[PDB]
Each structure stands twice: as C-alpha cells, then as structure tokens.
Amino acid sequence: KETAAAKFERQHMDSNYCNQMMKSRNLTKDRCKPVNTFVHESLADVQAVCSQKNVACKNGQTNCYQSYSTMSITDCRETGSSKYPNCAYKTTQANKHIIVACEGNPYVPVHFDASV
C-alpha cells in the first residue's frame, strides 16, 4: 500500500485532460474528487522545493515550502453539474509557485498546500 510520498506522486505529478488523468491516477474511479492539481515539472525539481522557502501551511504548521520559481501546473475543478459516476472537470493550465508540506527522511512532499 502507498506511503504518503507515493500518494503525492500518483495524485499530483505528471512530468479532456482532467477527466482522463483523474480517472487514470485512481482519483475518480470510485468517487468524484472536487479539485486536484497536477504539476508538469520533473519529480526531482518538485522534491527540491522541500529545501526552498519555508512558510507556514494553511493550517499554521511550519513544514511547508514555497518554490522560488513558478512551475507549470494544471488545475482540475469539478463542474457544478458533476455527479458520480459521471465526474466532469474544468481544466485550467497556469504557471504558479507551489507550496508543499514535506515530511520524512528523505524530506519529500506529502501534501499540496497551494499554488500562488
């Protein structure tokens, strides 16, 4: 079964598109998930964010880190009409700074906190 680091990679890394990829990565095979972000950078450059700018997470914990540069991301957002089993997503491409929460040794991303 997956570690938190593995789940982050399956759900968010990818070095209409949202309907296809949300299904492919087992996010909407048995539920419709409201929002998810995919990052189109290399895994190692996303892992590198865990030693970049330390910031507080949305929940006030302090193990979150913001990337120095913007990264290519696709936001997937359920339409107002979406209902299981027919999940439906709005796809929005953007280049944004990402904020991830990191844990473990190696210190790697385990949650996507936000993009800016």
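In order, the residues displayed for chain A correspond to 27-41, 50-150 in Swiss-Prot numbering, which applies throughout.
Determination method: X-ray crystallography, 1.6 Å.
Placement of Cβ uses the backbone N, Cα and C atoms for every residue, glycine included.
For reference, Swiss-Prot has these:
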CARBOHYD  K27  glycation site
CARBOHYD  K33  glycation site
BINDING   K33, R36, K67, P68, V69, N70, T71, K92, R111  substrate binding site
ACT_SITE  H38  active site, proton acceptor
DISULFID  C52-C110  disulfide bond
CARBOHYD  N60  N-linked glycosylation site
CARBOHYD  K63  glycation site
DISULFID  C66-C121  disulfide bond
CARBOHYD  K67  glycation site
DISULFID  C84-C136  disulfide bond
DISULFID  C91-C98  disulfide bond
ACT_SITE  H145  active site, proton donor
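Taking the C-alpha positions, the distance from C136 (disulfide bond) to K27 (glycation site) comes to 20 Å. Across the structure, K67 (substrate binding site) and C121 (disulfide bond) place their CA atoms 8 angstrom apart. The Cβ of the residue listed as 'N-linked glycosylation site' lies under 8 Å from the Cβ of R36, each of these being in the same chain and 6 or more residues away along the sequence. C52 (disulfide bond) has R111 nearby among the recorded positions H38, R111, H145, counting only those with a Cα within 10 angstroms of its own Cα.
The disulfide-bonded residues under consideration are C52, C84, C98. Their Cβ neighbour counts within 10 Å are lowest for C84.
It is 11 Å from the Cα atom of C121 (disulfide bond) to that of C110 (disulfide bond). Comparing C-alpha positions, the residue listed as 'active site, proton acceptor' sits nearest to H145 among the recorded positions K27, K63, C91, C98, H145. Taking only the Cα positions, the spacing between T71 (substrate binding site) and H145 (active site, proton donor) is 11 angstrom. Cα spacing between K27 (glycation site) and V69 (substrate binding site): 23 Å, rounded to the nearest whole number.
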